[PDB]
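>>> experimental structure and its sequence below.
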Amino acid sequence: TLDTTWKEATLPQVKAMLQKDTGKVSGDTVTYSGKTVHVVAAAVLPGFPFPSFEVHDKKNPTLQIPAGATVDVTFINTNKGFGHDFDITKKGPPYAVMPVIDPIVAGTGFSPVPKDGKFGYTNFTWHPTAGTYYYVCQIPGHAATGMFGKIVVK
Ligand SMILES: [Cu+2]
């Protein structure tokens with residue numbers, strides 16, 4: 001039930017997609033509003049620390065999403081040498097080297113490692129129920145060393 005469908009994007013296409021995130025930054029939180037919201041996350045953008053996810057040009061920010069919203073997530077793997085995944089779970093940190101995060105409520109399989117000047121990305125839709133969730137990478141050791149962020153659906 002994980003999303004294992006990866007589309008190819010060049011760097012300009014990646015940038016264009018990153019700019020489509022509909023959240024507003026305050027502090028270290030990205031707040032979304034409206035009936036449908038579009039989260040665009042990337043794994044380790046240039047200039048950002050490994051390992052981390054970036055959303056709206058912030059490092060592992062907390063995503064604030066309205067209860068009742070349909071969440072369209074775009075996940076892009078911009079990180080050379082790694083096939084990061086993006087999985088949403090109720091299980092919080094700290095994470096084991098091999099995270100035990102079932103059930104995964106929405107998310108992806110492992111992404112392709114970047115190649116041919118191209119990056120893998122994917123889109124999935126999530127209809128969350130109010131609560132605190134986390135977006136996590138399951139590549140061994142990544143979540144244990146900080147590759148995760150929080151989602152507050154309220
Ligand atoms: Cu990772």
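In hand now; what should we look at? Numbering: from 1, shown residues only.
>>> quick one: the strands in the chain?
7-9, 24-26, 29-31, 36-43, 53-55, 58-59, 62-65, 70-77, 87-89, 104-107, 119-126, 131-136, 148-153 (DSSP state E).
>>> what parts of the chain come near the ion?
Within the chain, the positions near the ion by CB under 5 Å from the ion are 51, 84, 137, 139, 142, 147. Every C-beta, even on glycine, is put in place using the N, C-alpha and C of the backbone.
>>> who wins for neighbours among these?
Neighbour counts for those, by other CB atoms under 10 Å, peak at residue 137, which reaches 30 neighbours.
>>> hmm, that one is touching residue 42, no?
No. Using CB atoms under 8 Å as the test, residue 137 is too far from residue 42 to be in contact (11.9 Å).
>>> so for the two, which residues contact both of them?
Common contacts of residue 137 and residue 42, defined by CB atoms under 8 Å, 6 or more residues apart in numbering, comprise residue 53.
>>> circling back: take the strands of the chain and lay them out in CSV including distance to residue 16 and mean neighbour count.
Formatted as CSV, the strands of the chain follow (distance: least, CB to CB, whole Å; neighbours: other CB atoms under 10 Å):
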stretch, distance to residue 16, mean neighbour count
strand 7-9, 9, 15
strand 24-26, 19, 12
strand 29-31, 18, 20
strand 36-43, 10, 22
strand 53-55, 15, 25
strand 58-59, 18, 18
strand 62-65, 21, 22
strand 70-77, 11, 22
strand 87-89, 24, 23
strand 104-107, 23, 20
strand 119-126, 11, 19
strand 131-136, 22, 19
strand 148-153, 23, 20
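>>> give the bridge partners for the one residue sitting closest to the centre of the chain, please.
Geometric centre of the chain, nearest residue: residue 41, 4.3 Å, by CA atoms, centre = their mean. Beta-bridge pairing of residue 41 under DSSP bridges involves residue 55, residue 75.
>>> show me what contacts it?
If you count contacts by CB under 8 Å, 6+ apart, residue 41 has them with 53, 54, 55, 73, 74, 75, 76, 86, 135.
>>> that concludes my questions; thank you for your assistance.
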